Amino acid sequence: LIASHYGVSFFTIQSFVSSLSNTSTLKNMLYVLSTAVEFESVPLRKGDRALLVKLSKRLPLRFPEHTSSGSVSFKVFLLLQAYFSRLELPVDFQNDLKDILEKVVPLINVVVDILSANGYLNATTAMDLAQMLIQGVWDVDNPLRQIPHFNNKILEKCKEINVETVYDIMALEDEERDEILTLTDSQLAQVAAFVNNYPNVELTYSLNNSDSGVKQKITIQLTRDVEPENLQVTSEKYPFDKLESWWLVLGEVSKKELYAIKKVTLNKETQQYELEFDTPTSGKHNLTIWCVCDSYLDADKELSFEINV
């Protein structure tokens, strides 16, 4: 499907800015996201609150206690968690969840932008949430769970053999693979679609080596084993079409400062980009570069290095 276009309202940007901070957690961000005025187009029916209160007993993150649960925010916060946890929902909530998911992508990117434009490194946590919204799983979930039809049985027979990542599955011989993949050809088709476009990239970079109040430009390159036929994303749970994108981030963990960020698409077997940042406070800094995908979990890459001021 195609998600109806829209630009997050300035009113929502103001609200997000006002609510987010350098210490916001994954939970805080989910709550903030749930407050977007944009969600007021989502139905709130008589009887829904009572159903949602029950549902909340089965979900990990609590809605802000002293906040009214008679808002659509309560519904959005909880159904999104039900989505990540893959809980069964009655049809009306299923319909509502779909309406909610149609609007989340623009909103989570605004969260990422706000935190990053402020140089807050927790921008990476917003990115984790972004991935969760696309695959319908938690960041702490078994990474294989995002593969279509990978039920608990299969996951268990991946554990015994020590198969942990999508790459491991493919590194497998062919009847160790079949033992793992006990599914119908129809199901295997959707498994295939997923593995076919699941990314595997390699990250590298370069400098100029010497400085200070002025801008240093680092050069980051991303390598794929093959230019992907395309970047259409495969998601069993996200009902709309999505194009694969990545954030290139340079930061300093110790200070949890985000030097600079850049959104790119890795549509080639090899790419190169350049980020300009300011040149830090003397002494030296232990810096890291993250290449984070916005559409899959467990495919990110990073590498750290030392500037000697």
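When you see a residue number, it is the position in the sequence shown, counting from 1.
Enquirer: Does the deposited sequence hold unmodelled residues between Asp211 and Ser212, and if so, how many: none, 1 to 3, 4 to 9, or 10 or more?
Expert: The entry leaves 1 to 3 residues without coordinates here.
Enquirer: Between 52-60 and 261-269, which has the larger average Cα B-factor in the PDB entry?
Expert: Of 261-269 and 52-60, the stretch with the higher C-alpha B-factor average is 261-269.
Enquirer: Mean C-alpha B factor from the entry: is it higher for 274-282 or for 252-260?
Expert: Averaged over C-alpha atoms, the B-factors run higher in 274-282.
Enquirer: By the CA temperature factor listed in this entry, which of these ranks top: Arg86, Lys75, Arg224, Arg145?
Expert: That would be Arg224.
Enquirer: According to the deposited entry, which of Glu236, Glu179, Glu102, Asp128 has the largest Cα B-factor?
Expert: Largest recorded C-alpha B-factor: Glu179.
Enquirer: Considering every modelled residue of the chain and its Cα B-factor in the PDB entry, is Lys98 in the lowest, middle or highest third?
Expert: It belongs to the lowest third of the chain when residues are ordered by C-alpha B-factor.
Enquirer: Using only modelled residues of the chain, where does the Cα B factor of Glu65 rank: lowest third, middle third or highest third?
Expert: It belongs to the highest third of the chain when residues are ordered by C-alpha B-factor.
Enquirer: Within this chain, which third does the Cα B-factor at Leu287 fall in: lowest, middle or highest?
Expert: According to the entry, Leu287 has a C-alpha B-factor in the chain's highest third.
Enquirer: For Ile108, does the deposited CA B-factor place it in the lowest, middle or highest third of the chain?
Expert: Lowest third of the chain for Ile108's C-alpha B-factor.
Enquirer: Among the modelled residues of its chain, does the C-alpha B-factor of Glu175 lie in the lowest, middle or highest third?
Expert: Within its chain, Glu175 is a highest-third residue by C-alpha B-factor, going by the deposited values.
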